[PDB]
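Chains as they are written, first to last, in this note's numbering: chain H, 1 to 222; chain S, 1001 to 1169; chain L, 2001 to 2292; chain X, 3001 to 3058; chain F, 4001 to 4159.
Even for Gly, the Cβ is constructed at its ideal location relative to N, Cα and C.
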Amino acid sequence: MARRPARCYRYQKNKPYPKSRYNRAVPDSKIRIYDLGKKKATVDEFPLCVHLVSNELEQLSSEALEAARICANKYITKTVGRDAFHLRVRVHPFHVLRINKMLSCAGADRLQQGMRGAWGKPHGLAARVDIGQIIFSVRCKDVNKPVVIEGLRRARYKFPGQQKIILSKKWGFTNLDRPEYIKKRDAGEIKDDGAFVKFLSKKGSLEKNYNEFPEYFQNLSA
Amino acid sequence: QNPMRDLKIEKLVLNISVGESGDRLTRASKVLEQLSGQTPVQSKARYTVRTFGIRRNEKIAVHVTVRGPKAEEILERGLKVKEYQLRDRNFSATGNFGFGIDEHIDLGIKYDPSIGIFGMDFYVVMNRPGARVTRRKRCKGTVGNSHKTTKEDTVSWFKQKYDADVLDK
Amino acid sequence: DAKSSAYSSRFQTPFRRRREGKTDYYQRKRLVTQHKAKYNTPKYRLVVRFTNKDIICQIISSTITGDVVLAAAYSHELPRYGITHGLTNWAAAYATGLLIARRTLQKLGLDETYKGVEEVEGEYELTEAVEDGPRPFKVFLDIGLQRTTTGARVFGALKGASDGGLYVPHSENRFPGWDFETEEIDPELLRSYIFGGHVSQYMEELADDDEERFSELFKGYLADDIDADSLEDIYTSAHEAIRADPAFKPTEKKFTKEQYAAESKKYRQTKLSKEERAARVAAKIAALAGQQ
Amino acid sequence: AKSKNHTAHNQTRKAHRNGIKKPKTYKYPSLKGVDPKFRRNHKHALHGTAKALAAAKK
Amino acid sequence: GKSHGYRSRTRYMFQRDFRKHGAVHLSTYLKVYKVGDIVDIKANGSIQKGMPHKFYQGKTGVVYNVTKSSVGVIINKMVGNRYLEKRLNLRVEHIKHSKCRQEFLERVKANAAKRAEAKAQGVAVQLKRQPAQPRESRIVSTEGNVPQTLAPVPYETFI
RNA sequence: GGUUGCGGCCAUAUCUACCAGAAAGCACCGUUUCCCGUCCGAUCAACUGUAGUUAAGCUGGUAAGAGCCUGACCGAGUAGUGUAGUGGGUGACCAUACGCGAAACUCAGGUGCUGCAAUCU
RNA sequence: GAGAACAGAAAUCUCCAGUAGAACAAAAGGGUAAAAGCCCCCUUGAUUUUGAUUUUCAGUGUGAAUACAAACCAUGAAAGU
RNA sequence: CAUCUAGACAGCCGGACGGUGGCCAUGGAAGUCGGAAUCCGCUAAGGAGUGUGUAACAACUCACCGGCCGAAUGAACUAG
RNA sequence: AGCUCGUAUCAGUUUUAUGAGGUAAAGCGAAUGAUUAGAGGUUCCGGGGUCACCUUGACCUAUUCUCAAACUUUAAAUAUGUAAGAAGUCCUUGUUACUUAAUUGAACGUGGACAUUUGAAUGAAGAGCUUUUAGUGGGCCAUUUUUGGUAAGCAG
């Protein structure tokens, strides 16, 4: 059957209704990939982080997430290549939408009881977002800033509501600011872990910290 | 080093696992009481598998446990058929070790008719004097990490006794 | 091994004496509780515990902040009364059960009445309440984690306390000589256990057998030159001395508590504070990294 | 056909128009549900102390 | 079909508290309750005998009856336009002593002691509690405390 | 101050490694005639504290330890929320006024205390 | 997880780890570790007399439950249940 | 955010030595090219040009400066 | 219609003290159920590649992204229970067939001491009790929370 418009499920009017042991007959999400580009790149390779942030409390459907994922990826791949960016789709469509399917043929009043038994069968998935919640996070080098800006601006047209694009003072996807990340990287407290980094804590076993971060103790002795 | 830290035979358990019950099990029970000098118990089957011919609580197995000098003399004659030599395998990570043979009626006892031929699984439990602290009722403590049994100290115990060899593969 | 952090975070520890293993708290709940319409009357527990070379009997009552002790009787006070060897046997358990019963009866002032049995014959006899007088002191046997076995020493102390005038409710199923085929006790076997016939008949059989185990065991018997027929004599003498003087003469306590605290503190390990801990990890962060 | 199934509108206003007043308990409440061993003894204690006070006041 | 059983909607209120599961600690069975004492009901969910209803959890009432392994508690219950007294036979592990009564009791002991000392000296010794009175006038000096000026912060995205 | 018996609060007490323990005590240990219970005196029951031992249990200490507990003008008066407006905004929601007020995070400290009785270079 | 002839994913045995992730007749929820689970032993309290109380509630019934009193029993060594 | 009296943004006049000649599948590797970037003898001016011209100059505007106009301009956004 | 009394045994209220809750929020480098991405460590319980071979099938550890009406360590606001005394406190000694080992406690007592305020604030506009009976037992709207629904001047 044909899908309803997104104005039917735009606002967070219901409680979050995930796929569980009670809600079993849920169709799969139309979005399946959430890390794109050079996702295997080191954190030092991509210092700039650009966030697409929702400004409204609404629901983004999984189809809108997939269409915005395709549209943003297609522009950045065509402009600055594939390995110049890492696109991360932060939000995930866990909220299951319900549809009460009404018959549109003549004589439908006999075969349909109206609002009796009106509990909706599962229709699709949607990502419930809040105000200030990050939708897309694209990290890249400092050179490719307006390409990612235009890529995230072209991703807004597939999204309901109002979204804003902000550049992040965080070094990539980390929770640390750019000067604080530079101090820990220069002091050797940062170890690469493929897609993210592990930070040296001042708590824990010193033998395990010596095995994991040998550069910090060598530089402390220096 | 310490006389309270040397190994000893805690217990030595003989278990056999017959495919069914009945006459074969009763012959299996009497060969073990002739083996050990004490009656064995008949282990009941836990479930039904569809492949082994066993149903639940059918008494498909027989096991008995000997301790002390009886366990020592049966381990001497248990390695006489195993030629006082063994592998780096068959030793558990907790220091215990076991081995299986295919015959006992014509091993070191006289053969008698209407008893069958039965193999068996020896299993030996090794610990130190001081294993009561994890088995007593009041103040059931643990064992110290320098007092546990490993593979290395038990193969070394298996060297200092029997003049044995290891890794026959 | 290698327990996860989530396991340690959710781990609800038991009660400390359950962790030690000395207390059955499900058992403790139905001993130490009281009928709530017996409002502030404490329920008194006869607790008999078996460490090695000791019988520990104490009449104790559970309160809010802990258990207070009325009368505590130990094994090592019986060498004063005469029992020099075998301070953890069945007969010594009877003697310290007899001792603690006479001790708490004289503590509460009921020593003149409630004599129990002056001569022991080995029959199950609850101490009856006297006609127009005070009731006998009602304690209950709290055996703890020991197993309930017919002919065990905790029932020896139970028999000894019941023979001392202490009212402790029990049955004769756990006394030695209990027939499993009829409900009749063996009073001759119980009396022999009371006076040590289960050790004296072992002694005469071992003396008739050999000398090697009769000198490895029972070497204190050969040291004090006491024989198999003298076991009943010294236990009757111990029983008479217990009835005569249950007044709990305490020991000397030489080299007193200030010196006890001083000598224990010199051979004890002190805790490094924040400054010493920070200094020693500063030493080891330089030593393990010192061009390593 | 259909109507309102249940509604707690106006119920608190109805309860508070005459007030949700306290039960106004008395001294010597009813000994209905107390322990019968205690109640039999309480009868015998009051029977004793009535005569004790009568003999005190002659 | 709707359900209104004895322990309906008691999924969370008849839990055991986290890392406080298992057997009840033994000061509960050794606390003494007298007739007229004030207790509050917190139903320990591990013991099923003598368990109160879900309404009485957190309620507070006087003990009218003291029984073998239980007490009798009078709770006032709002039934429509009046309160009805409810008599509960509850095991002692579902109750505890209310500390509001003992705080009143130590205030009584303090007031009796203050009245006893006011017979000697300092009569009208202010028996009644006063509320948090408004503060009297004070002098706030500025040595070492020169007032640092503050301004509103600019809007920073902090992301 | 140490230990033992019984505990109160029930991890500041638990857990993983490593080290130490004078005297006492606890413990392992030693042996099966009796009571006793098992396939098995391993558990339990009995007997001897005698042949030995701190090896283990136990206690104490160490870990830039994990956990747990406490505190912080640390996050944060933030999220949330009661009341109010003919406030804003198409709405979604947000802002203000009068209040109340988190949790995660981060940092710092700590790692059992205590009651009764007995005992101890 | 480590092992032990047949014997392997799974037949029986042994050890270690195991806050319960098992089981408790049946829905789901709560509760339970020297237990409320598994095994063993003994029983009939799943008995009688009526009353009071809690929930549903009109503070009526029914149902179910709770704590007792008087007995008489069961079990345990007892407290107790 | 990038320029700006050392002269900016506009406007108008002037502008490719040959670098595609052992680097090109030599599709039409000589115009500005879909699988490529760096070369000075100059390099204000000599550009694998921003520019699939489909024929080893078949084509103009433009890479970036001059010329002289002599003051502020441009870009990306945000919300009334 | 009253009846009994005359400022209370009170209150759609606050404060103080003491609870109780499990929603909002928050949490998943905390359990349970979902979740995206990579990093590092194997038993002959398969290598499909030369039988111990660099040889991709896991699992575990440490990270990371996002959640949950029928998840949760934690955890509000609002609402809610109790108490804030003369029916109470303290001291002595009377009854019991209850209880205690007891001349022990429990309950009920007898006597005696309890003003500047008889023991928080504010108010009380009279308080409490009883009888009898009418009408009503179709509701609807608004802020906030909220369920089903695409929504409704929809239904709850």
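Beyond the five residues adjoining it in sequence on each side, residue 111 of chain H comes within less than 7 Å, by CB distance, of 103 in the same chain, given in chain order. Contact check for residue 4091 of chain F against residue 4051 of chain F passes: the beta carbons are separated by less than 9 Å.
Nearest to residue 1002 of chain S by C-alpha distance, out of S:1070, S:1129 and S:1165, is S:1129. Taking a Cβ-Cβ cut-off of 9 Å, the neighbours of residue 2032 of chain L in chain F comprise 4026, 4029 and 4030, given in sequence order.
Shown here, residue 2208 of chain L sits in a helix according to DSSP, grouped into three states. If you look at residue 186 of chain H, you'll find it in the alpha helix (DSSP H) that goes 178–186. Excluding its 5 nearest sequence neighbours in each direction, residue 2291 of chain L has no C-beta neighbour in its own chain below 6 Å.
Within the segment 1078–1149 of chain S, no run of alpha helix (DSSP H) reaches 4 residues while sitting entirely inside it.
Close to residue 3015 of chain X, with beta-carbon spacing below 7 Å, are these residues of chain F in chain order: 4080 and 4081.
Cα atoms of residue 4014 of chain F and residue 22 of chain H: separation of roughly 24 Å, rounded to the nearest angstrom.
Pairing residue 2279 of chain L with residue 1149 of chain S, the inter-Cα distance amounts to about 38 Å. For residue 2288 of chain L, the chain H residues whose C-beta falls within less than 9 Å of its own C-beta are 206, 207, 210 and 217, listed in chain order. With respect to the C-alpha of residue 1122 of chain S, the residue from S:1074, S:1029 and S:1049 having the closest C-alpha is S:1074. Interface criterion not met: the Cβ of residue 4043 of chain F is under 9 Å from no Cβ in chain L. For residue 2284 of chain L, the chain H residues whose C-beta falls within less than 8 Å of its own C-beta are 206, listed in chain order. Within chain L, the residues placing a beta-carbon under 8 Å from that of residue 1138 of chain S are 2021, 2022, 2144, 2145 and 2146, ordered along the chain. Approximately 18 Å separates the beta-carbon atoms of residue 2142 of chain L and residue 2016 of chain L; this is outside 8 Å, ruling out the contact. A buried status is given to residue 2137 of chain L, since no fewer than 16 other beta-carbon atoms sit within 10 Å of its beta-carbon. Nearest in C-alpha terms to residue 4008 of chain F, of all of F:4053, F:4068, F:4097 and F:4017, is F:4053. A direct Cα-Cα distance of roughly 6 Å separates residue 46 of chain H from residue 172 of chain H. Judged by their CB atoms, residue 4058 of chain F and residue 4076 of chain F are not nearer to each other than the 9 Å cut-off. Listed along the chain, the chain H residues whose CB falls inside 7 Å of the CB of residue 4157 of chain F are 166. For residue 220 of chain H, the residues of chain L that pass the 9 Å Cβ criterion are 2285, 2286 and 2289, in the order they occur in the chain.
The beta carbons of residue 2172 of chain L and residue 2124 of chain L sit about 4 Å from each other, so the pair counts as a contact at 8 Å. Bridge pairing for residue 4076 of chain F: F:4085 [DSSP]. Burial is judged here by how many other beta carbons sit within 10 angstroms of a residue's own beta carbon; residue 1038 of chain S has fewer than 16 and is exposed.
When C-beta atoms of the segment 2189–2198 of chain L are compared with those of the segment 2217–2232 of chain L, three or more pairs fall below 8 Å, so the two segments count as touching. Boundaries of the alpha helix (DSSP H) around residue 72 of chain H: 62–80. Listed in chain order, the non-local C-beta contacts of residue 16 of chain H below 8 Å within the same chain comprise 94, 95 and 128, local neighbours out to five positions each way being set aside. Under the Cβ distance rule, residue 131 of chain H does not count among the residues neighbouring chain F, no pair being separated by less than 9 Å. Here residue 2168 of chain L is near residue 2140 of chain L, since their CB atoms are less than 9 Å apart. Residue contact with chain L for residue 4021 of chain F: present (Cβ-Cβ distance below 9 Å to some residue of chain L).
Judged by DSSP in its simplified three-state form, residue 2171 of chain L adopts coil rather than helix or strand. For the pair residue 48 of chain H and residue 168 of chain H, the CB atoms are nearer than the 9 Å cut-off. At least 9 Å separates the CB of residue 2076 of chain L from every CB of chain F. Here the alpha carbon of residue 1016 of chain S sits roughly 6 Å from the alpha carbon of residue 1063 of chain S.
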